[PDB]
Amino acid sequence: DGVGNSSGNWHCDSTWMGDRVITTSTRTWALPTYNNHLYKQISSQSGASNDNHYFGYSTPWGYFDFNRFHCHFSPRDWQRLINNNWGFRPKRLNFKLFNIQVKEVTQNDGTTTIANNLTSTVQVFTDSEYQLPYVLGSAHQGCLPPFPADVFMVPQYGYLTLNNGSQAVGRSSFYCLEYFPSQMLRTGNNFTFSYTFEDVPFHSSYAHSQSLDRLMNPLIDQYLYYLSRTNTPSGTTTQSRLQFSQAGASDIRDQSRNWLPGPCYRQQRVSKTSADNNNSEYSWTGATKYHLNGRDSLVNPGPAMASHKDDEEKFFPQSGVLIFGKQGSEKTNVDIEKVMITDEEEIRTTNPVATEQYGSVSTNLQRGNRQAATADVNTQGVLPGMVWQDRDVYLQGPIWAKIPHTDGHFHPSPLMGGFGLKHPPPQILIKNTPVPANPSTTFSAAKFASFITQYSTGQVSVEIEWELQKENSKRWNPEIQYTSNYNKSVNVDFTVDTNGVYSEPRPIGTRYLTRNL
Amino acid sequence: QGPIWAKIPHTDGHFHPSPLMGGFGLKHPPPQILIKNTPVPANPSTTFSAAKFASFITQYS
Amino acid sequence: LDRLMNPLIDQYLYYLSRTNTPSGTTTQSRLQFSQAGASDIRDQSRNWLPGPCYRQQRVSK
């Protein structure tokens, strides 16, 4: 209402009550004019490799992105969550846009001037029928910034469709977003909508205190037998004789078991110590990849697998983990001290190590003159009796992904981590309404190319309720908790420096508490 | 001679959780029933000692 | 106030009972600790202090 009344108030806090936590984040955003109000066909460059070809469209619209956990949880909030809860999941969200300001920019005479345009509008619509290509869930920049005092730029919306090389095909779709209905907002108007999450499984924010190969009573023998010797000493040599034993603690690898470890898709191993790696360019040639319509894509991060085995923390899968950048890290070819490499070590209780074989299978039929032969299994699809953990989530990491619209999707938990949703939180798209500049006094049928330079700013609030599954642990000894480091330092972790720059010093997962298998 | 049920492991994903040795996979199997004889201390000293008792009456049930 | 404990039982807390130990022909600095019982009743950990003081000169009858 009017011009002198704010359309909303600042809400940032977390409310912990019972099995629920509610997070609220308010930020200040700025929206420019994109593409000078045009839709543009875009494509890969002429010299691009086949694996890098694309075709699509850039739009004049922007969109809002709060699909990272930091956007909602403070570092102290994240600690409170991960130290006390076995699981959590999102329930509902609220979204608000308010305190909208449109401003005119006159760059005349090399001097910039900025004035309020109290009459201009912004257009906002939710894609609640999921009729546009969903580009959230691709881990793009442009989120609400983790620190509440920071002002962020709204990212530009674009999408890809079917390409053959740099060219489109008959099935390529083009979308005009102005062909949707949208709200027009003038200074003093606000925008709200609500969303309910579908029923989704809790994220498992625990590690297992048991391993799948150690589930039996070590004090008692099995009543089942296994083949323990295939020959026996006969005089001066051996002869073929099959012999059988019941497995106890002494031969614990040989016990009959009910379950199998999860599936595998083997990754190459790289060392954080530089001298242990081969002196060669293998970042692509040695990469784990999939092949789709004659194209190779890197499998990154791929299926959830343990980063390393015991005492090998310096090793990680080539493209098998999420890697976050440190504050101020650049885009291209940075050193390893500039990035933060997550560790999925916790899931090695049930999941194969990413850089090892799944196991060994028999390849032949032995006999008197043929010895038994085995082969390493480097790729293992799911088997009946397999169990596994999903990838962990991080404070820096994504929250949800849209499950692709397909006939079949096995265990549709997104591989970068988080909650797979058939109807995710809808895309919220926004743009400044074009305001034409001074027209000619003689009619012209050509479209207007001359506009008044404008941008918008405002406040955005996002409120998410989360359902908690509290830890109820009967173990006697104390557990592992996330804690801040104990010593003195120049800067405090998760703080601003003397220049006002907020930084996140390390990745924080969720799995600190333990449970039995 | 074989087993009847197994406990399905507590995990994010488990495809066709029928136990491989055979039988019925159960997310909540028949619970473990644990039993022990309550320790009965033997003749204690007549001067107090803070050490824990190591001497008991031999019992079975 | 300095005699409030059970004289029959030792304390589980420790106090510093020796600051040096005989080493060859001399002593060397070595900190040693004991639990206080009835034999060293002045050394027991206590919860309370005597009241305040404002010292007077002593006169004989």
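Structure shown above.
Definitions and cut-offs
Residues numbered from 1 in each chain as written, not as in the entry; some residues may be left out. Chains lettered and ligands numbered in written order. Part of a larger assembly, values for the part shown. Heavy atoms only, no water. Helix = DSSP H or I, 4+ residues; strand = E, 2+ residues; numbered from the N terminus. Contact = heavy atoms within 4.5 Å. Areas by Shrake-Rupley, 256 points an atom, 1.4 Å probe, with all protein chains shown as cover. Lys, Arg positive; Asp, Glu negative; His and termini not counted. Charge placed at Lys NZ, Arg CZ, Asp CG, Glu CD. 1 Å grid on protein atoms, 1.4 Å probe; cavity = no way out; pocket = protein on both sides within 12 Å on 5 of 7 lines; lining within 4 Å. Points joined across faces, edges and corners; volume = space filled by probe spheres on them. Nonpolar A, V, L, I, M, F, W, Y, C, P; charged D, E, K, R; others polar. Salt bridge = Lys/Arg side-chain N within 4 Å of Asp/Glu carboxyl O. Buried < 20%, exposed > 50% of the residue type's maximum accessible area, 1.4 Å probe, protein only. Buried area = accessible area lost by both parts, 1.4 Å probe. Pairing = 2+ DSSP bridges. Polar contact = N/O pair within 3.5 Å; in protein donor to acceptor, adjacent residues only side chain to side chain. Core = buried A, V, L, I, M, F, W, Y, C linked by side-chain atoms within 4.5 Å. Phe/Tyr/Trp six-rings, centres within 6.5 Å; stacked < 30°, edge-to-face > 60°. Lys NZ or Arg CZ within 6 Å of the ring centre and 35° of its normal.

### Observations regarding the overall build of chain A
At step 1: A count of helices and strands for chain A gives 1 helix and 34 strands.
At step 2: With the C-alpha coordinates of chain A rotated into their principal frame, the extents come out at 115 × 55 × 45 Å.
At step 3: Contacts spanning at least 24 positions in sequence make up 74% of the contacts within chain A whose residues lie at least 6 apart.
At step 4: About 29200 Å² of surface is accessible on chain A, with carbon and sulfur atoms providing 48% of the total.
At step 5: For chain A, the centre of its 43 positive side-chain charges and the centre of its 45 negative side-chain charges are spaced 4 Å apart.

### A word on the layout of surface pockets
At step 1: Here the second largest pocket is characterised by a volume of approximately 1400 Å³.
At step 2: In terms of lining residues, the second largest pocket is bounded by 31 residues, among which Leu-215, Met-216, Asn-217 and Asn-258 of chain A together with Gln-32 of chain B are the most central.
At step 3: Broken down by class, the residue content of the lining of the second largest pocket amounts to 19 nonpolar, 9 polar and 3 charged.

### Remarks on the pattern of salt bridges
All names here are of chain A.
At step 1: Evaluation of the coordinates by the stated rule reveals 20 salt bridges over all chains.
At step 2: Here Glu-178 makes a salt bridge to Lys-431, at a shortest N to O gap of 3.9 Å. Of this pair, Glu-178 sits in the loop between β11 (167–168) and β12 (183–185) while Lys-431 is found in strand β32 (residues 428–432), placing the two residues 253 residues apart along the sequence.
At step 3: The exposure class assigned to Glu-178 is partly exposed, which follows from its relative accessible area of 35%.
At step 4: Take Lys-431: its relative accessible area is 4%, and that puts it in the buried class.

### A closer look at the interface of chain B and chain A
At step 1: Taken together, the contact pairs 20 residues of chain B with 27 residues of chain A.
At step 2: Surface buried jointly by chain B and chain A totals about 1800 Å² across both partners, of which 60% is contributed by carbon and sulfur atoms.
At step 3: Of all residues in chain B, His-10, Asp-12 and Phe-15 of chain B give up the largest surface area on contact with chain A, accounting jointly for 38% of the area buried on that side.
At step 4: Inspection of the chain B/chain A interface yields 1 salt bridge.

### Focus on the pairing of strand β4 (residues 55–64) of chain A
Residues and elements named next belong to chain A.
At step 1: Most of β4 is tucked away, with 10 of its 10 residues classed as buried.
At step 2: As defined by bridge partners, strand β3 (residues 40–43) adjoins β4 across 4 bridges and the pair is classed as antiparallel. Counted as the bridge partner of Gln-41 is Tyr-57 from β4.
At step 3: Relative to β32, β4 runs antiparallel, the two sharing 3 bridges. From the neighbouring strand, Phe-64 faces β32, where its bridge partner is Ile-428.

### Points about the side chain of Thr-26 of chain A
Residues and elements named next belong to chain A.
At step 1: Relative to the assigned elements, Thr-26 resides in strand β2 (residues 20–31).
At step 2: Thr-26 gets classed as buried once you look at its relative accessible area, which sits at 0%.
At step 3: Among the polar contacts listed, one links the side chain of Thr-26 to the backbone oxygen of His-11, at a separation of 2.4 Å.
At step 4: For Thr-26, the side chain forms a polar contact with the side chain of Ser-461, separated by 3.1 Å.
At step 5: Not counting residues within four places of it along the chain, the set of residues in contact with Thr-26 comprises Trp-10, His-11, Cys-12, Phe-98, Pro-148, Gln-459, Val-460 and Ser-461.

### Section: the sheet that holds strand β29 (residues 386–388) of chain A
At step 1: Pairing in this open sheet of 3 strands is mixed, and the strands run β18(A)-β29(A)-β2(B) from one edge to the other. With one partner strand each, in any of the chains shown, β18 (260–261) of chain A together with β2 (13–14) of chain B form the two edges of the open sheet.
At step 2: Two strands pair when backbone bridges link them, and β29 of chain A and β2 of chain B are joined in this way by 2 bridges, in the antiparallel orientation. Among the inter-strand pairings, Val-387 of chain A is bridged to a residue of β2 of chain B, identified as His-14 of chain B.

### A look at the nonpolar core
All names here are of chain A.
At step 1: By size, the foremost hydrophobic cluster in this structure holds 62 residues, and its most contacted members are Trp-29, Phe-64, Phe-69, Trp-78, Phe-95 and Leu-97.
At step 2: When residues no more than four places from it in sequence are discounted, the contact partners of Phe-95 are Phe-64, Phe-66, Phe-191, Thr-192, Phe-193, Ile-428, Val-460, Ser-461 and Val-462.
At step 3: Of all hydrophobic cores here, the second largest spans 7 residues; its members include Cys-264, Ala-354, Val-377 and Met-386.

### Let's talk about the packing of aromatic side chains
Here the distance between the centres and the angle between the planes together describe a pair of aromatic rings.
All names here are of chain A.
At step 1: In this structure the tally under the stated criterion is 33 aromatic pairs over all chains.
At step 2: Aromatic pair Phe-73 and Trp-466: ring centres 5.2 Å apart, planes at 50°, arrangement tilted. You can see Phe-73 sitting in the loop between β4 and α1 (75–84) and its partner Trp-466 sitting in strand β33 (residues 454–470), a full 393 residues away along the chain.
At step 3: We classify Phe-73 as buried; its relative accessible area is 2%.
At step 4: When the ring centre of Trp-284 is taken as origin, the NZ or CZ atom of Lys-289, which lies over that ring, is 4.2 Å away.

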